[PDB]
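Taking the form deposited in one PDB entry, here's one chain by itself in structure tokens.
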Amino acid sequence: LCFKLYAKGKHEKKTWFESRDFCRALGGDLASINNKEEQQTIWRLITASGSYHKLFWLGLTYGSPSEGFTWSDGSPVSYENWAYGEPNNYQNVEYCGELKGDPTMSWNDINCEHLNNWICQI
């Protein structure tokens, strides 16, 4: 699949569900990162755009209490790159996952209504 970053104006940021709908309207989904190669591809897109340290929705969303986090495209959550201490479900309201667009490419759980940039896969 091909990845595309969306870092529009800050008043153009979207919730997790709005971002999922945007990507699904293109016939795709929010990006799943299933291995280090995909991670590098996205990191290089970040460097090419020159937009460093920005946060982006990924396809991470909580499933049942038993499952924990899942990918919206149904891919397995085998590879994980959570930031240290994450997921921390801060204040019990963090059920979606974002990417921190710096070299570490780490993941964080955050409230799904938070406004973020996003990354689609097509």
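Shifts are known only where both forms have a C-alpha. If you superpose the two forms and keep the largest set of C-alpha atoms that fall within 1.5 Å, you have the rigid core. The first residue of the shown sequence is 1; numbering continues from there.
Undergrad: Which has the higher mean CA temperature factor in the PDB entry, 102 to 110 or 20 to 28?
TA: Comparing 20 to 28 with 102 to 110, the higher mean C-alpha B-factor belongs to 20 to 28.
Undergrad: Going by the average Cα B-factor in the PDB entry, point out whether 45 to 53 or 84 to 92 comes out higher.
TA: Comparing 45 to 53 with 84 to 92, the higher mean C-alpha B-factor belongs to 45 to 53.
Undergrad: Comparing against every modelled residue in the chain, figure out the third that the C-alpha B-factor of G97 lands in (lowest, middle or highest).
TA: As the PDB entry reports it, the C-alpha B-factor of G97 lands in the lowest third of its chain.
Undergrad: Would you please rank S72 by its C-alpha temperature factor against the other modelled residues of its chain and give the third it falls in: lowest, middle or highest?
TA: For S72, the deposited C-alpha B-factor lands in the middle third.
Undergrad: Which third, lowest, middle or highest, does the C-alpha temperature factor of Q40 belong to within its own chain?
TA: Middle third of the chain for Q40's C-alpha B-factor.
Undergrad: Within this chain's modelled residues, let me know which third the CA B factor of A7 belongs to: lowest, middle or highest.
TA: CA B-factor rank for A7: highest third.
Undergrad: Among the modelled residues of this chain, does the Cα B factor of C120 put it in the lowest, middle or highest third?
TA: Middle third of the chain for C120's C-alpha B-factor.
Unshown form deposited in another entry; subsequent notes refer to it.
Undergrad: Once the two forms are fit on the core, has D29 moved its CA by at least 2 Å between this form and the one not shown?
TA: Moves: no, less than 2 Å.
Undergrad: Align on the rigid core first; then say whether the Cα of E38 has moved by at least 2 Å between this form and the one not shown.
TA: Result for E38: no, shift under 2 Å.
Undergrad: Superpose the two forms on their rigid core, then report whether the C-alpha of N89 is displaced by 2 angstroms or more between this form and the one not shown.
TA: Yes, the C-alpha position differs by at least 2 Å between this form and the one not shown.
Undergrad: Using the form shown as baseline, tell whether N92 and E18 are closer or farther in Cα-Cα distance in the other form, where the change reaches 3 Å or more.
TA: Distance between the C-alphas of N92 and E18: shorter in the other form, by 3 Å or more.
Undergrad: Quick one: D21 and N92 C-alpha atoms, closer or farther in the other form compared with this form (3 angstroms or more)?
TA: The answer is closer, because the C-alphas of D21 and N92 approach each other in the other form by 3 Å or more.
Undergrad: Would you please work out which stretches of at least three consecutive shared residues show Cα displacements of 2 Å or more throughout between this form and the one not shown, after fitting on the rigid core?
TA: After superposition, only residues 68 to 94 shift as a run.
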